[PDB]
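[1] Fold the following, please.
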Amino acid sequence: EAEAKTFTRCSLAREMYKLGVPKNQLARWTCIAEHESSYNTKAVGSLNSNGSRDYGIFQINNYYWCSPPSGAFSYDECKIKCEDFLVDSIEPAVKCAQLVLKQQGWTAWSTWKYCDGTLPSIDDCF
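    Numbering: from 1, shown residues only. Below, you will see the structure:
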């Protein structure tokens with residue numbers, strides 16, 4: 001089964017903020033979740049052109065950021081198994097995306113283009 005664990009703009013924000021993600025990131029993160037995964041923690045991308053695959057709500061990459069359920073090499077920068085993103089909790093995804101954001105910034109998401117402009121305040125969620 002790959003039934004979605006689907007968050008909403010606001011539920012994702014609320015839970016992200018609870019996890020200590022500054023508010024001023026939340027609109028962007030929700031935007032990115034939307035376009036990366038439709039807020040689905042269970043989302044797994046199709047194979048990328050380079051043979052990689054992206055995991056979870058923020059579509060963390062199994063070549064660089066997380067370790068694949070194979071013996072394939074991964075730089076595994078978040079020091080997590082990718083498949084661990086595939087849970088009901090966003091926390092491992094959030095934690096990893098935080099590291100991504102701090103290291104490569106928002107342009108790290110190929111969906112950043114949908115998200116880099118005028119976004120609604122997230123405070124309607126709060």
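
[2] Show me what the helix or strand where residue 96 lies is packed against.
    Assessed by DSSP states H and E, residue 96 sits inside helix 91-104. Packing partners of helix 91-104 (3 or more Cβ pairs under 8 Å, 6 or more residues apart in numbering; DSSP states H and E): helix 26-37, strand 60-61. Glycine gets a C-beta too; all of them are placed from N, C-alpha and C.

[3] switch to 6 Å and redo it
    With contacts taken as 3 or more Cβ pairs under 6 Å, 6 or more residues apart in numbering; DSSP states H and E, helix 91-104 sits against no other helix or strand.

[4] so how far is that helix from its chain's centroid?
    8 Å (Cα atoms, centre = their mean, to the nearest Å).

[5] mind listing what's buried in that helix?
    Neighbour counts over helix 91-104 (16 or more other Cβ atoms under 10 Å) mark 92-94, 96-101 as buried.

[6] Not counting sequence-adjacent ones, nearest residue to residue 46?
    Once flanking residues are discounted, residue 46 sits nearest to residue 53: 7.6 Å by Cβ to Cβ, 6 or more residues apart in numbering.

[7] Let me fix that, I meant to ask about residue 78.
    Nearest to residue 78 is residue 96, by Cβ to Cβ, 6+ apart, at 3.8 Å.

[8] There's contact between the one you found and residue 62 in this structure, I believe.
    No. Judged on Cβ atoms under 6 Å, residue 96 makes no contact with residue 62 at a distance of 11.5 Å.

[9] burial count for residue 38?
    Using other Cβ atoms under 10 Å, the number of residues around residue 38 comes to 12.

[10] For it, give me phi and psi.
    Phi and psi for residue 38, reported as degrees, to the nearest 10, are phi 60, psi 40.

[11] One more: residue 109?
    Torsion angles, degrees, to the nearest 10, at residue 109: phi -90, psi 130.
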